[PDB]
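Just one chain follows, in the form solved without the ligand, and it is written as structure tokens.
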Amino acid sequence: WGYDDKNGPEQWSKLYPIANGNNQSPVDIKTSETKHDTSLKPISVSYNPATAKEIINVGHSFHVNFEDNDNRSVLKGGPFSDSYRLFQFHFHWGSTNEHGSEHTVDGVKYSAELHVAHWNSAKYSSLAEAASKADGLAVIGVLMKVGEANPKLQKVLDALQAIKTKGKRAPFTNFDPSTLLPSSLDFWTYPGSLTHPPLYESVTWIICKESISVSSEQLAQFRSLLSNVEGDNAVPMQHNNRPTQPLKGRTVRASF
């Protein structure tokens, strides 16, 4: 699978029939149809910068992985009773500034989206176990609006020159990804999925109402990551965003 024509979002259901399921992500959040849920607690994140581990070029994207053996780095509050353990963050982006985000709000596409992913360590013993469970994953989604250069993206963008091609990886340490989150943690939530294969309907989404900035040049740095292995013809990682999917009767709840 990929984001090509022959292997991309439109083809994904041929090998992953859950692509056409009832809890697929991302979605369009229509704000006139969201329901204020007054029992939603505020989102609490507390991450320890010492859990940052490694950055990796995964061919379709890049991941920043965190040590997840303990509860040094956790998400709590919002719709959860369970504590969730940070394991990774990554971005999605598009061909052009005009699209790029995965989630859309009242039909508006943003230019990129940051996903900060966590697994349910109160109920499960590992990511591998958690990943396929309905209440297994918690992902903060932050919409990225093209404008001012974001200095907080800094260390991440500077690390990419070490992981230019597919499979390359390098240490990436002493980083607290709560520094990338918007100042307000007001959010939408709904039950959904991973936005790429294997597309498990295991994710409770926490979508921030407030966007963060990214410059047009910052976005070019993403798209200049290569999806080929070192030595092969250069293939820019131009886009990795999936089209929005049918709510199929789910409700988007709002914290605000």
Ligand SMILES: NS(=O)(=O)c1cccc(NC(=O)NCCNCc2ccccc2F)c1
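Each residue number is its position in the shown sequence, starting from 1.
Not on display, but discussed next: the form deposited with the ligand bound.
Engineer: The ligand placed by superposing the site C-alphas onto its pose in the entry with it bound: is the shown form open or blocked, blocked being 3 or more ligand atoms within 2.4 Å of backbone or C-beta?
Structural biologist: By the 2.4 Å criterion, open.
Engineer: Counting only heavy atoms and a 4.5 Å cutoff, which of 30 to 38, 43 to 51, 213 to 221, 195 to 203 contacts the ligand in the entry with it bound?
Structural biologist: Correct option: 195 to 203.
Engineer: Give me the residue from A134, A122, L127, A170 that has a heavy atom within 4.5 Å of the ligand in the entry with it bound.
Structural biologist: When the ligand is considered in the entry with it bound, the option within 4.5 Å is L127.
Engineer: What is the one choice in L181, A117, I163, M144 with a heavy atom within 4.5 Å of the ligand in the entry with it bound?
Structural biologist: Of the candidates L181, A117, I163, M144, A117 is the one lying within 4.5 Å of the ligand in the entry with it bound.
Engineer: Residue-level contact is defined here as any heavy atom of the residue lying within 4.5 Å of the ligand in the entry with it bound; does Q88 satisfy this criterion?
Structural biologist: Looking in the entry with it bound, residue contacts with the ligand include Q88, since a heavy atom lies within 4.5 Å.
Engineer: Does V139 reach the ligand in the entry with it bound, with heavy atoms at most 4.5 Å apart?
Structural biologist: Contact check for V139: yes, within 4.5 Å of the ligand in the entry with it bound.
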